[PDB]
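Take a look at the structure below.
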Amino acid sequence: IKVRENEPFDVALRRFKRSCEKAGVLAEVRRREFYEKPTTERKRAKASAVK
Amino acid sequence: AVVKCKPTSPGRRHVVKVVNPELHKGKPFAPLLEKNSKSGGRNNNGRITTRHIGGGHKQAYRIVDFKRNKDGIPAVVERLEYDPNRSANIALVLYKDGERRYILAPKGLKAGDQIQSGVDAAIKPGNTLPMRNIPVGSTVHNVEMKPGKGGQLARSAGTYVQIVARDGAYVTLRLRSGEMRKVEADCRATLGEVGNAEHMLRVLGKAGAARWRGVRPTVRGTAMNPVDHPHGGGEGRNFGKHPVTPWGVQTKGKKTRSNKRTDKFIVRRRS
Amino acid sequence: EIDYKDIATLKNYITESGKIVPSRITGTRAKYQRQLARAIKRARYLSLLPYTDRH
Amino acid sequence: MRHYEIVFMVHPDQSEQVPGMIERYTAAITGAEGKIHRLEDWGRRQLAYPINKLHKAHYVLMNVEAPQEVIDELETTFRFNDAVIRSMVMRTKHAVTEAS
Amino acid sequence: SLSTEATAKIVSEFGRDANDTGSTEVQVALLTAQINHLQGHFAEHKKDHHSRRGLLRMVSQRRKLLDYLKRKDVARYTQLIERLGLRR
Amino acid sequence: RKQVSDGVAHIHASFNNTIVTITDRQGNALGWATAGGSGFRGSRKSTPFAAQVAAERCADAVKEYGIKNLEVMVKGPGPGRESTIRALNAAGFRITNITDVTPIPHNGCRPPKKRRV
RNA sequence: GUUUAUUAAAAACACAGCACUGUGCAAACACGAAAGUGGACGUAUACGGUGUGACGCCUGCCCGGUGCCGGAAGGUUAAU
RNA sequence: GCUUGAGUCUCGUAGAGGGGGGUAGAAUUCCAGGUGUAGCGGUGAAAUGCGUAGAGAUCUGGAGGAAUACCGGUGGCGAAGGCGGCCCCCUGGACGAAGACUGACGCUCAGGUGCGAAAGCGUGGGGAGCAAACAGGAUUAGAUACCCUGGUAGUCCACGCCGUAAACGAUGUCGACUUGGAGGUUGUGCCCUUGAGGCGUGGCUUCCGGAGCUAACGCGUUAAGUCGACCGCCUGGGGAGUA
């Protein structure tokens, strides 16, 4: 979660949060408890991941 | 165990009893009994001061130990008994030095059960000890309000008081009312909750049951003439007035606490 | 993997913010990913590892 | 008589009462003719997260074979004792003796 | 299920010898032992509806074997249910 | 006044508004500025521009403290946050740490239903 | 069940049950120039007041008026 | 009588199978307090709502309830409904390896009995979040809706009831035979284990396809192919799964 750097620093370059929290994990927990749509969203996500 | 009576003869149709097989079927312990003469609701002037009281069954008073002074001596619960003067049951207990006393019976307490009053008592239900030694957030009954005086809070059946704070020489207590009250922390209190909760589930069923607990009828105010009650009179049913006591003071809302002496000790009124 | 007290091994199999890493990344055949995760959780109870990096 | 692995943290300020406790606990095991296989005192070790804040605490690993009743009263001993925070007793996984 | 020492004891009591562990009296007695032990378990719990399904498999299977042994040798049947205290 | 010389910039980016609070290392706030309090009410208070002018305006109003070092703590998602920390090192601050402190439940409370728009 | 002893026994009163409200104990409340007493040797699962009146299905909308509860900013406001 | 069906015993394996008890960490809400100050929240835009009685933000302490991120996977277990932190206790089943034992003890099953999501009902608790009803704000021609702000039953626990679902692989159960390929998961045997290998042999499962079947679509060794046993059900649409 943290970053620090010594005096050679210019830019933020914190892409630790395109790794874990920001993009998916908080936008997922904005909306409803189903049990049902996730079983089919994961079903078609794993059925789309195919060659 | 609550039991609906079978509806033979109306009068029994709606009765719910609270039977207890663990109460002592027999005579109470005699040298802790004394005469309790019934008053009728009437003061030393003869006048009815509290209305609706009178008749009912003959009762003998049972000296219940609310103080719990025998500190450090253990006591085994000899039995549980029916007390007519209270909602709760009383446990007759036997100290190790051969002294019997009646205490209010807490919730889990059966016959053959060790209780122990005093500072170094174990924290388990039935043990009376000062509230600077009880943990915060514990259900506690038979609470003293002044140290040494006797228990006066949470005595009626199924009733507890939660200790919520220990700020200094005082403990903040959530009374069963919902009221937050400060009590001095040297005041003893008995652990657990007092134990006949199902008392509130009984339904009495007929008019004579109320009569035999000593509760005379209540004539309602609007059925009277104007000379009797402020509600009075009127050619069929006629209310038209703001509801009052029989002495003209507003019922239905009007707050009647005036103390100013114990307002220091009230952290929050009930709601 | 079988053990949870070896927190060097467990600390390899965890991310920088306390989260268990998927077997899609680290190899780790599924039996040992299950033993692994269950050992990580037993270690987080004992405060050998952290639950997160914002305690 | 089955196997158990007991660990428990101790409050750091009562660290000097640690080996005494150990003895008593081990004594309780020998009250039931159960045997104790390893025993480790891991020292005051830094906690990964604060608990009542209280950082660095004193860990004791035990690994005892015993009947389940003395393990149960050992658990209640860990309940009431204010010294010990976070016990954990586990599975058989038949008797171990090694380090980590 | 049942202890190894318990199963060995029942095989030793009901079989022709040890290693005769599939005979009809032996299977019936092992099922009986487990049925009674789980009477103790299901007096408590009472909402372990999954374990009970295993128990009713034990009851039904015991019943099938008693029916077999009844229509093969009735003397073994009467000695068996006499010894196990079943049939009520 | 009181001359703290190190603080923390808690930026609270949400979808509708970013709110920047500059405090000390004890956690006592020294001065705040929201994107909605900088003009541009409405669809324009959730933009990176509004967040950066919110952060410029929060860099002002803590001149009374002489803050030179600060950590950055970032909550929530939002069109803000990234631009926000940029505005902070466009205001002479030595930006030391950038932590992201978004609250993530470990499957806690049930989130609300919504949005059949 | 009770009631107009002596023209009214009833659909009226009562009632169990329900609800609202007051009451933290030196309780509210009542009798009492006061002391005191009843409430109660009870303690909110208790006690007082008010309405409705077993049980079953239910109890809709209105807070502008009158009351009550709460608020404290401003206006007005006694003795001094 | 016999062992190739069915079952018992020995040793292990994997598992969110069940029931009871305890505990842990994040987060939401509430309460008390510190800093601090003019907005916060919300939306397509707004307003209702909260806020100088000091909100929102932020830090500290506390209470409480529910759910258990990451692992997590057309992964696993269960007859089905379903089951997801960690630990203990009680307990069911499955599968594998070699050997021993019983000896057809088997398959299906009308009536019968049991289990059976969710909502709902009864009694007693609990009540943080979410949220039918409800209220207000908008939107609109209207808006008893979608959207916003609140919000009660309910959701949670104990015991009892109900007895249903697109309770669905829209595919009854049991058994036998019939070309293949790529995986997943869990056992086991053999070989320089010369490593994250090579060769087999089981259990469960996913995708694609051959013959065959099928109205077609598709199914395709887990069949909707080729057969056998027993059960359940169908007979034009509506009326009506109603009286």
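Following the order of the structure tokens, first chain is A, next is B, and so on, with residues numbered from 1 inside each chain and ligands from 1 in the order they appear.
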Excluding residue E:76 and residues on its chain fewer than 5 positions from it, collect all residues at most 12 Å away from it, counting only C-alpha atoms (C1' of nucleotides), and give them as a PyMOL selection string.
chain E and resi 14+23-26+28+66-71+81-83
Residue F:43 surroundings by only C-alpha atoms (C1' of nucleotides), 10 Å radius, close-in-sequence under 3 positions cut, as JSON, numbers by chain
{"F": [16, 17, 36, 40, 46, 47], "H": [43, 44, 45]}
Would you output that residue set with N, CA and C atoms (P, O5', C5', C4', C3', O3' and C1' of nucleotides), as a PDB file, in the first residue's frame?
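What follows is the written file out.pdb:
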```
ATOM      1  N   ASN F  16     -18.383  11.356  -6.496  1.00  0.00           N
ATOM      2  CA  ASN F  16     -19.023  12.655  -6.702  1.00  0.00           C
ATOM      3  C   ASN F  16     -18.189  13.825  -6.277  1.00  0.00           C
ATOM      4  N   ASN F  17     -17.232  13.627  -5.371  1.00  0.00           N
ATOM      5  CA  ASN F  17     -16.474  14.740  -4.827  1.00  0.00           C
ATOM      6  C   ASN F  17     -15.202  14.255  -4.185  1.00  0.00           C
ATOM      7  N   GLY F  36     -16.225  20.562  -4.282  1.00  0.00           N
ATOM      8  CA  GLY F  36     -17.499  21.253  -4.427  1.00  0.00           C
ATOM      9  C   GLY F  36     -17.528  22.655  -3.836  1.00  0.00           C
ATOM     10  N   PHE F  40     -17.804  25.386  -9.412  1.00  0.00           N
ATOM     11  CA  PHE F  40     -18.241  24.163 -10.098  1.00  0.00           C
ATOM     12  C   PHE F  40     -18.970  23.092  -9.288  1.00  0.00           C
ATOM     13  N   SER F  46     -16.740  16.509  -9.867  1.00  0.00           N
ATOM     14  CA  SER F  46     -16.061  15.223  -9.900  1.00  0.00           C
ATOM     15  C   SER F  46     -15.307  15.161 -11.185  1.00  0.00           C
ATOM     16  N   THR F  47     -14.140  15.790 -11.177  1.00  0.00           N
ATOM     17  CA  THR F  47     -13.212  15.821 -12.335  1.00  0.00           C
ATOM     18  C   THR F  47     -11.830  15.910 -11.725  1.00  0.00           C
TER      19      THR F  47
ATOM     20  P     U H  43     -25.656   8.994  -6.906  1.00  0.00           P
ATOM     21  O5'   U H  43     -26.231   9.611  -8.244  1.00  0.00           O
ATOM     22  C5'   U H  43     -27.629   9.467  -8.495  1.00  0.00           C
ATOM     23  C4'   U H  43     -28.178  10.588  -9.325  1.00  0.00           C
ATOM     24  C3'   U H  43     -27.463  10.845 -10.642  1.00  0.00           C
ATOM     25  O3'   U H  43     -27.833   9.906 -11.630  1.00  0.00           O
ATOM     26  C1'   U H  43     -27.915  12.885  -9.558  1.00  0.00           C
ATOM     27  P     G H  44     -26.788   9.385 -12.663  1.00  0.00           P
ATOM     28  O5'   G H  44     -27.008  10.360 -13.900  1.00  0.00           O
ATOM     29  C5'   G H  44     -25.978  10.536 -14.902  1.00  0.00           C
ATOM     30  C4'   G H  44     -26.290  11.754 -15.729  1.00  0.00           C
ATOM     31  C3'   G H  44     -26.435  13.055 -14.952  1.00  0.00           C
ATOM     32  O3'   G H  44     -25.181  13.665 -14.697  1.00  0.00           O
ATOM     33  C1'   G H  44     -28.213  12.822 -16.488  1.00  0.00           C
ATOM     34  P     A H  45     -24.914  14.388 -13.281  1.00  0.00           P
ATOM     35  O5'   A H  45     -25.988  15.562 -13.243  1.00  0.00           O
ATOM     36  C5'   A H  45     -25.729  16.766 -13.991  1.00  0.00           C
ATOM     37  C4'   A H  45     -26.952  17.647 -14.097  1.00  0.00           C
ATOM     38  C3'   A H  45     -27.457  18.233 -12.776  1.00  0.00           C
ATOM     39  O3'   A H  45     -26.723  19.343 -12.314  1.00  0.00           O
ATOM     40  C1'   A H  45     -29.275  17.364 -13.992  1.00  0.00           C
TER      41        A H  45
END
```
Length of the atom CA of residue C:5 to atom CA of residue D:64 vector [Å]:
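Computed distance, atom CA of residue C:5 to atom CA of residue D:64, equals 16.7 Å.
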Residues of chain A no more than 9 Å from chain F, counting only C-alpha atoms: send them over as a PyMOL selection string.
chain A and resi 1-6+11-12+14+17+21-23+25-27+29-33
Can you build me a table of chain H residues sitting at most 10 Å from chain D, with the closest atom pair per residue and its distance in Å to one decimal, using only C-alpha atoms (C1' of nucleotides), sorted by chain and residue number, as a Markdown table?
```
| residue | atom | partner | partner_atom | distance |
| --- | --- | --- | --- | --- |
| H:23 | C1' | D:86 | CA | 8.8 |
| H:24 | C1' | D:86 | CA | 9.3 |
| H:25 | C1' | D:49 | CA | 9.8 |
| H:86 | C1' | D:88 | CA | 9.6 |
| H:87 | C1' | D:90 | CA | 6.7 |
| H:88 | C1' | D:90 | CA | 7.6 |
| H:89 | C1' | D:68 | CA | 9.2 |
```
Tell me which protein, DNA and RNA residues are within 10 Å of residue B:43, counting only C-alpha atoms (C1' of nucleotides), leaving out same-chain ones fewer than 2 positions away, and put them as a ChimeraX atom specification.
/B:39-41,45-50 /G:30-31,37-39
Proximal residues of chain H relative to chain A (only C-alpha atoms (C1' of nucleotides); 9 Å) as a list in words:
residues 69, 74 and 130 of chain H
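For residue H:161, the list of residues within 12 Å, based on only C-alpha atoms (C1' of nucleotides) and with local chain neighbours fewer than 5 positions off taken out, reads residues 120, 121, 122 and 123 of chain H.
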Dump as a PDB file, in the first residue's frame, selection limited to N, CA, C and O atoms (P, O5', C5', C4', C3', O3' and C1' of nucleotides):
```pdb
ATOM      1  P     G H 120     -40.825 -12.414   4.161  1.00  0.00           P
ATOM      2  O5'   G H 120     -41.984 -13.434   4.494  1.00  0.00           O
ATOM      3  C5'   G H 120     -43.325 -13.036   4.175  1.00  0.00           C
ATOM      4  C4'   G H 120     -44.294 -14.161   4.300  1.00  0.00           C
ATOM      5  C3'   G H 120     -44.665 -14.520   5.704  1.00  0.00           C
ATOM      6  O3'   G H 120     -45.572 -13.599   6.262  1.00  0.00           O
ATOM      7  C1'   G H 120     -44.274 -16.503   4.490  1.00  0.00           C
ATOM      8  P     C H 121     -45.404 -13.115   7.777  1.00  0.00           P
ATOM      9  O5'   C H 121     -45.955 -14.393   8.551  1.00  0.00           O
ATOM     10  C5'   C H 121     -47.303 -14.802   8.306  1.00  0.00           C
ATOM     11  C4'   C H 121     -47.636 -16.069   9.024  1.00  0.00           C
ATOM     12  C3'   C H 121     -47.302 -16.049  10.470  1.00  0.00           C
ATOM     13  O3'   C H 121     -48.187 -15.308  11.301  1.00  0.00           O
ATOM     14  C1'   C H 121     -46.550 -18.046   9.610  1.00  0.00           C
ATOM     15  P     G H 122     -47.611 -14.563  12.537  1.00  0.00           P
ATOM     16  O5'   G H 122     -47.436 -15.710  13.604  1.00  0.00           O
ATOM     17  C5'   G H 122     -48.528 -16.474  14.019  1.00  0.00           C
ATOM     18  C4'   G H 122     -48.125 -17.491  15.045  1.00  0.00           C
ATOM     19  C3'   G H 122     -47.260 -16.961  16.183  1.00  0.00           C
ATOM     20  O3'   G H 122     -47.972 -16.317  17.222  1.00  0.00           O
ATOM     21  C1'   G H 122     -46.368 -18.939  15.359  1.00  0.00           C
ATOM     22  P     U H 123     -47.388 -15.023  17.856  1.00  0.00           P
ATOM     23  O5'   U H 123     -46.418 -15.581  18.967  1.00  0.00           O
ATOM     24  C5'   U H 123     -46.947 -16.319  20.051  1.00  0.00           C
ATOM     25  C4'   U H 123     -45.838 -17.036  20.763  1.00  0.00           C
ATOM     26  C3'   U H 123     -44.669 -16.196  21.240  1.00  0.00           C
ATOM     27  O3'   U H 123     -44.901 -15.387  22.386  1.00  0.00           O
ATOM     28  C1'   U H 123     -43.852 -18.130  20.194  1.00  0.00           C
TER      29        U H 123
END
```
Atomic distance atom CA of residue D:12 - atom CA of residue D:81, expressed in Å with one decimal:
14.1 Å
Within 9 Å of chain H, which residues of chain C show up when using only C-alpha atoms (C1' of nucleotides), listed as a list in words?
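Here they are: residues 18, 19, 20, 21, 22, 23, 24, 30, 31, 33, 34, 36, 37, 38, 41, 42, 44, 45, 51 and 52 of chain C.
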Could you please tell me, as a list in words, which residues of chain B have an atom within 12 Å of chain H when using only C-alpha atoms (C1' of nucleotides)?
residues 2, 136, 137, 164, 165, 197, 198, 200 and 201 of chain B
Tell me, which residues of stretch 68-100 of chain F carry DSSP helix (DSSP H, G or I), written as a ChimeraX atom specification?
/F:82-88
Sel. of strand (DSSP E) residues, stretch 15-112 of chain F, as a VMD selection string
chain F and resid 18 to 24 29 to 34 69 to 75 94 to 100
Emit the selected residues as a CSV table (one decimal), in the first residue's frame, including N, CA, C and O atoms.
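The resulting file, again_3.csv, is reproduced below:
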```
chain,number,residue,atom,x,y,z
F,18,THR,N,-14.2,15.1,-4.3
F,18,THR,CA,-12.9,14.8,-3.6
F,18,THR,C,-12.8,15.9,-2.6
F,18,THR,O,-13.0,17.0,-2.8
F,19,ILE,N,-12.3,15.4,-1.4
F,19,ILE,CA,-12.2,16.3,-0.3
F,19,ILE,C,-10.8,16.1,0.4
F,19,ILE,O,-10.6,15.0,0.8
F,20,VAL,N,-10.0,17.1,0.4
F,20,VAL,CA,-8.6,17.0,0.8
F,20,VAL,C,-8.5,17.7,2.1
F,20,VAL,O,-8.9,18.8,2.3
F,21,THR,N,-7.9,16.9,3.1
F,21,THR,CA,-7.8,17.4,4.5
F,21,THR,C,-6.3,17.3,4.9
F,21,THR,O,-5.8,16.2,4.9
F,22,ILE,N,-5.7,18.4,5.1
F,22,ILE,CA,-4.2,18.4,5.5
F,22,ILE,C,-4.2,18.5,7.0
F,22,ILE,O,-4.7,19.4,7.6
F,23,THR,N,-3.5,17.5,7.6
F,23,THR,CA,-3.5,17.4,9.0
F,23,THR,C,-2.0,17.2,9.5
F,23,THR,O,-1.1,17.3,8.7
F,24,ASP,N,-1.8,16.9,10.8
F,24,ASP,CA,-0.5,16.6,11.3
F,24,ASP,C,-0.4,15.1,11.5
F,24,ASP,O,-1.3,14.3,11.1
F,29,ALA,N,-6.8,17.9,12.3
F,29,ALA,CA,-6.9,18.6,11.0
F,29,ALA,C,-6.4,20.1,11.1
F,29,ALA,O,-6.7,20.8,12.1
F,30,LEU,N,-5.7,20.5,10.1
F,30,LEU,CA,-5.1,21.8,10.0
F,30,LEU,C,-5.9,22.7,9.0
F,30,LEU,O,-5.8,23.9,9.0
F,31,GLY,N,-6.6,22.1,8.1
F,31,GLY,CA,-7.3,22.8,7.1
F,31,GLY,C,-7.7,22.0,5.9
F,31,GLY,O,-7.0,21.1,5.5
F,32,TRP,N,-8.9,22.2,5.4
F,32,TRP,CA,-9.4,21.3,4.4
F,32,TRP,C,-10.0,22.1,3.2
F,32,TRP,O,-10.1,23.3,3.3
F,33,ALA,N,-10.2,21.4,2.1
F,33,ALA,CA,-10.8,22.0,0.9
F,33,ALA,C,-11.4,20.9,0.0
F,33,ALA,O,-10.8,19.9,-0.2
F,34,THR,N,-12.6,21.1,-0.4
F,34,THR,CA,-13.4,20.2,-1.2
F,34,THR,C,-13.5,20.7,-2.6
F,34,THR,O,-13.3,21.9,-2.9
F,69,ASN,N,7.2,18.6,4.7
F,69,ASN,CA,7.0,17.2,4.4
F,69,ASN,C,5.6,16.9,4.7
F,69,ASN,O,5.0,17.3,5.6
F,70,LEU,N,5.0,16.0,3.8
F,70,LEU,CA,3.8,15.3,4.2
F,70,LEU,C,3.7,13.9,3.5
F,70,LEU,O,4.2,13.7,2.4
F,71,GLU,N,3.0,13.0,4.2
F,71,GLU,CA,2.5,11.8,3.7
F,71,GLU,C,1.2,12.1,3.0
F,71,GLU,O,0.4,13.0,3.3
F,72,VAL,N,0.9,11.3,2.0
F,72,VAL,CA,-0.4,11.3,1.3
F,72,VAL,C,-1.2,10.0,1.6
F,72,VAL,O,-0.6,8.9,1.4
F,73,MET,N,-2.4,10.1,2.1
F,73,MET,CA,-3.3,9.0,2.3
F,73,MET,C,-4.5,9.1,1.4
F,73,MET,O,-5.2,10.2,1.5
F,74,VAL,N,-4.8,8.1,0.5
F,74,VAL,CA,-5.8,8.2,-0.5
F,74,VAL,C,-6.9,7.3,-0.2
F,74,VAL,O,-6.7,6.1,0.0
F,75,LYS,N,-8.2,7.7,-0.1
F,75,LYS,CA,-9.4,6.9,0.0
F,75,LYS,C,-10.2,7.0,-1.2
F,75,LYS,O,-10.2,8.0,-1.9
F,94,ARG,N,7.3,18.5,-0.1
F,94,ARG,CA,8.1,17.3,-0.3
F,94,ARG,C,7.2,16.1,0.0
F,94,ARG,O,6.9,15.8,1.2
F,95,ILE,N,6.7,15.5,-1.1
F,95,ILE,CA,5.8,14.4,-0.9
F,95,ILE,C,6.6,13.1,-0.5
F,95,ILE,O,7.3,12.6,-1.3
F,96,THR,N,6.3,12.6,0.7
F,96,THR,CA,7.2,11.5,1.2
F,96,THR,C,6.6,10.1,1.0
F,96,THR,O,7.3,9.3,0.3
F,97,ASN,N,5.4,9.9,1.5
F,97,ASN,CA,4.7,8.6,1.3
F,97,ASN,C,3.4,8.8,0.5
F,97,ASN,O,2.7,9.9,0.7
F,98,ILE,N,3.0,7.9,-0.3
F,98,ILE,CA,1.7,7.8,-0.9
F,98,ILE,C,1.1,6.5,-0.6
F,98,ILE,O,1.3,5.5,-1.3
F,99,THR,N,0.3,6.4,0.4
F,99,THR,CA,-0.4,5.2,0.8
F,99,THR,C,-1.9,5.3,0.2
F,99,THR,O,-2.5,6.4,0.2
F,100,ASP,N,-2.5,4.2,-0.2
F,100,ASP,CA,-3.9,4.1,-0.5
F,100,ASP,C,-4.6,3.3,0.5
F,100,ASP,O,-4.5,2.1,0.6
```
Using atom CA of residue B:37 and atom CA of residue B:247 as the two end points, give the distance in Å to one decimal.
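Distance between the two atoms: 29.0 Å.
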Quick one: contact table of chain G to chain B, 8 Å max, nearest atom pair and distance in Å to one decimal per residue, counting only C-alpha atoms (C1' of nucleotides), chain and number order, as JSON lines?
```
{"residue": "G:13", "atom": "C1'", "partner": "B:219", "partner_atom": "CA", "distance": 7.5}
{"residue": "G:14", "atom": "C1'", "partner": "B:217", "partner_atom": "CA", "distance": 6.5}
{"residue": "G:15", "atom": "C1'", "partner": "B:207", "partner_atom": "CA", "distance": 5.0}
{"residue": "G:16", "atom": "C1'", "partner": "B:206", "partner_atom": "CA", "distance": 4.5}
{"residue": "G:20", "atom": "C1'", "partner": "B:252", "partner_atom": "CA", "distance": 6.6}
{"residue": "G:21", "atom": "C1'", "partner": "B:252", "partner_atom": "CA", "distance": 4.2}
{"residue": "G:22", "atom": "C1'", "partner": "B:255", "partner_atom": "CA", "distance": 6.3}
{"residue": "G:23", "atom": "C1'", "partner": "B:257", "partner_atom": "CA", "distance": 7.7}
{"residue": "G:24", "atom": "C1'", "partner": "B:179", "partner_atom": "CA", "distance": 7.7}
{"residue": "G:25", "atom": "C1'", "partner": "B:152", "partner_atom": "CA", "distance": 7.8}
{"residue": "G:28", "atom": "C1'", "partner": "B:256", "partner_atom": "CA", "distance": 6.5}
{"residue": "G:29", "atom": "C1'", "partner": "B:50", "partner_atom": "CA", "distance": 7.7}
{"residue": "G:30", "atom": "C1'", "partner": "B:49", "partner_atom": "CA", "distance": 4.3}
{"residue": "G:31", "atom": "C1'", "partner": "B:49", "partner_atom": "CA", "distance": 5.8}
{"residue": "G:37", "atom": "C1'", "partner": "B:43", "partner_atom": "CA", "distance": 4.9}
{"residue": "G:38", "atom": "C1'", "partner": "B:43", "partner_atom": "CA", "distance": 4.2}
{"residue": "G:39", "atom": "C1'", "partner": "B:50", "partner_atom": "CA", "distance": 6.1}
{"residue": "G:42", "atom": "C1'", "partner": "B:86", "partner_atom": "CA", "distance": 7.6}
{"residue": "G:43", "atom": "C1'", "partner": "B:152", "partner_atom": "CA", "distance": 5.7}
{"residue": "G:44", "atom": "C1'", "partner": "B:177", "partner_atom": "CA", "distance": 5.5}
{"residue": "G:45", "atom": "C1'", "partner": "B:200", "partner_atom": "CA", "distance": 4.9}
{"residue": "G:46", "atom": "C1'", "partner": "B:156", "partner_atom": "CA", "distance": 6.8}
{"residue": "G:49", "atom": "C1'", "partner": "B:245", "partner_atom": "CA", "distance": 5.5}
{"residue": "G:50", "atom": "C1'", "partner": "B:251", "partner_atom": "CA", "distance": 6.2}
{"residue": "G:54", "atom": "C1'", "partner": "B:14", "partner_atom": "CA", "distance": 7.8}
{"residue": "G:67", "atom": "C1'", "partner": "B:242", "partner_atom": "CA", "distance": 6.5}
{"residue": "G:68", "atom": "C1'", "partner": "B:253", "partner_atom": "CA", "distance": 5.5}
{"residue": "G:69", "atom": "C1'", "partner": "B:253", "partner_atom": "CA", "distance": 6.9}
```
Write the residues of the selection above to a file with C-alpha atoms (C1' of nucleotides), as a PDB file, in the first residue's frame.
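Writing the result to out.pdb gives the following:
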```pdb
ATOM      1  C1'   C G  13     -70.487  -0.933  35.640  1.00  0.00           C
ATOM      2  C1'   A G  14     -66.825  -4.557  36.164  1.00  0.00           C
ATOM      3  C1'   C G  15     -63.738  -7.993  33.851  1.00  0.00           C
ATOM      4  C1'   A G  16     -59.397 -10.891  31.687  1.00  0.00           C
ATOM      5  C1'   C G  20     -50.838   5.131  25.631  1.00  0.00           C
ATOM      6  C1'   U G  21     -48.524   7.763  29.394  1.00  0.00           C
ATOM      7  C1'   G G  22     -46.067   8.895  34.084  1.00  0.00           C
ATOM      8  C1'   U G  23     -42.664   6.861  37.559  1.00  0.00           C
ATOM      9  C1'   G G  24     -34.973   5.382  39.041  1.00  0.00           C
ATOM     10  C1'   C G  25     -37.040   5.017  44.802  1.00  0.00           C
ATOM     11  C1'   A G  28     -44.692   9.167  40.497  1.00  0.00           C
ATOM     12  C1'   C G  29     -49.348   9.652  43.146  1.00  0.00           C
ATOM     13  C1'   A G  30     -52.621  10.250  47.424  1.00  0.00           C
ATOM     14  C1'   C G  31     -54.165  11.705  52.680  1.00  0.00           C
ATOM     15  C1'   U G  37     -48.559   7.404  56.498  1.00  0.00           C
ATOM     16  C1'   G G  38     -50.334   4.529  52.167  1.00  0.00           C
ATOM     17  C1'   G G  39     -47.843   3.377  47.356  1.00  0.00           C
ATOM     18  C1'   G G  42     -42.552  -3.290  46.639  1.00  0.00           C
ATOM     19  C1'   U G  43     -38.033  -1.492  42.583  1.00  0.00           C
ATOM     20  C1'   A G  44     -39.578  -0.745  35.835  1.00  0.00           C
ATOM     21  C1'   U G  45     -41.480  -8.537  34.200  1.00  0.00           C
ATOM     22  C1'   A G  46     -42.900  -2.877  39.375  1.00  0.00           C
ATOM     23  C1'   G G  49     -53.154   7.423  35.792  1.00  0.00           C
ATOM     24  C1'   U G  50     -56.124   7.127  31.252  1.00  0.00           C
ATOM     25  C1'   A G  54     -62.363 -12.384  25.775  1.00  0.00           C
ATOM     26  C1'   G G  67     -53.340  19.962  24.687  1.00  0.00           C
ATOM     27  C1'   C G  68     -48.689  17.648  25.619  1.00  0.00           C
ATOM     28  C1'   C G  69     -43.418  16.865  24.657  1.00  0.00           C
TER      29        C G  69
END
```
